[PDB]
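Presented as structure tokens, the chain that follows is alone, the form deposited in one PDB entry.
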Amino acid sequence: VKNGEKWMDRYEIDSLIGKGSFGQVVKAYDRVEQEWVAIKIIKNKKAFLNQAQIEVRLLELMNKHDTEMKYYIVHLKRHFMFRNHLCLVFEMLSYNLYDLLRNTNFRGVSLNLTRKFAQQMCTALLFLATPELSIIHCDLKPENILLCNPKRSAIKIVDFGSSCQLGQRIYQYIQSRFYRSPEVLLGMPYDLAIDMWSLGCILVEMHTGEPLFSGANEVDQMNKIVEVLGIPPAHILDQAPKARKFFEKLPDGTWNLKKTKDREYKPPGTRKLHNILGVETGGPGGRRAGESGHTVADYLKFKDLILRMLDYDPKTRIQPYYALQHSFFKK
């Protein structure tokens, strides 16, 4: 595909926006609606297609509801088949929250702009919790969240390439390693709560500039989580099929971390979030200090809400509705 190309008397190709594992996305001009659109083209094999067909069904299912909460999700306009390649057409958006982080030289955005991103994102999760919908994203992270307009702070979610309805699971190795939840590490079955774990991890990083849990492999990842939150509740490890990839059971019935050939890893639960945020010490690297809106009383409300998102037990973890009513959002 090259600049100039006309497709079936309607779409005029301009350029490549993005690559992917699924195929290519492009910038084209529609002559019926007379507006610019983004076209995502699937690679021509039996494998990507079948998943794509699911992506389309899940998007259409969402277009049918018309609530005040569906406006935090990218809008799908059309789909059609051409030169044996499934093609999806969406509205144009701006750059993503990773580029944004990279333009601060990884120093982070304000608490006040962090709050505005969290509010919008808790709303989108509450929309997918609609009983007649019940959708799990399975791949939340900065790259998959886009600004609506480069002048403004409105956002929307994209890439429903891994998504699945409650009780329709295909794979067990899902999510991006940095944003993977403890139940998926322990090979247990998953519901909607895994997307709320990812949000916690994302929000911390948008204020500090660096990831919360940056593992180089599955064993590395779990150890950087025990550093902050300690050993998980016994009742959970006793059901988890891959609990002995990370821990050991004792005669009385208590668990501990496994052996390892030693220059890293602090003791369980001693890397308190308290210092990762710099609550009583003027923010990350005390870079705020002078700055107004970054008072100690506002920092404790952020700390409390993050720690409700990083509960090990997914039955007792906080849900979209109750998070929108937290003291951190109160005026």
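Here, rigid core means the biggest group of C-alpha atoms that superpose within 1.5 Å across both forms. Note that residue numbering follows the sequence shown and begins at 1.
- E291, modelled here, also has coordinates in every other compared entry of this protein that models residues flanking it, well short of the third needed to call it frequently missing.
- Gaps at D262 occur in at least a third of the other compared entries of the protein that contain both adjacent residues.
- Annotation for 171-179 versus 233-241: the higher mean temperature factor (C-alpha) is found in 233-241.
- Look at the mean CA B-factor for 182-190 and for 252-260 in the entry; the higher one is 252-260.
- Sorting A28, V56, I276, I41 by the CA temperature factor given in the entry leaves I41 at the top.
- The residue among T104, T114, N84, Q165 whose C-alpha atom has the highest B-factor in the PDB entry is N84.
- Ranked by Cα temperature factor within the chain, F80 sits in the highest third according to the deposited record.
- Per the PDB record, residue ranking by Cα B-factor puts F160 in the middle third of the chain.
- Among the modelled residues of the chain, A52 sits in the middle third by CA temperature factor in this PDB entry.
- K315: CA B factor lies in the lowest third for its chain, per the PDB record.
- Placement of the Cα temperature factor of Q325 within the chain: middle third of the modelled residues, per the deposited record.
The following text describes the form deposited in another entry, which does not appear among the structures shown.
- Once both forms are fitted on their rigid core, the CA atom of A216 lies less than 2 Å apart between this form and the one not shown.
- Superposition on the rigid core between this form and the one not shown places the CA atom of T130 less than 2 Å from its counterpart.
- Superposition on the rigid core between this form and the one not shown places the CA atom of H75 less than 2 Å from its counterpart.
- If you compare C-alpha positions, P314 and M69 are 3 angstroms or more farther apart in the other entry than in the form on display.
- Between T67 and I318, the Cα distance is greater in the other entry than in this structure, by no less than 3 angstroms.
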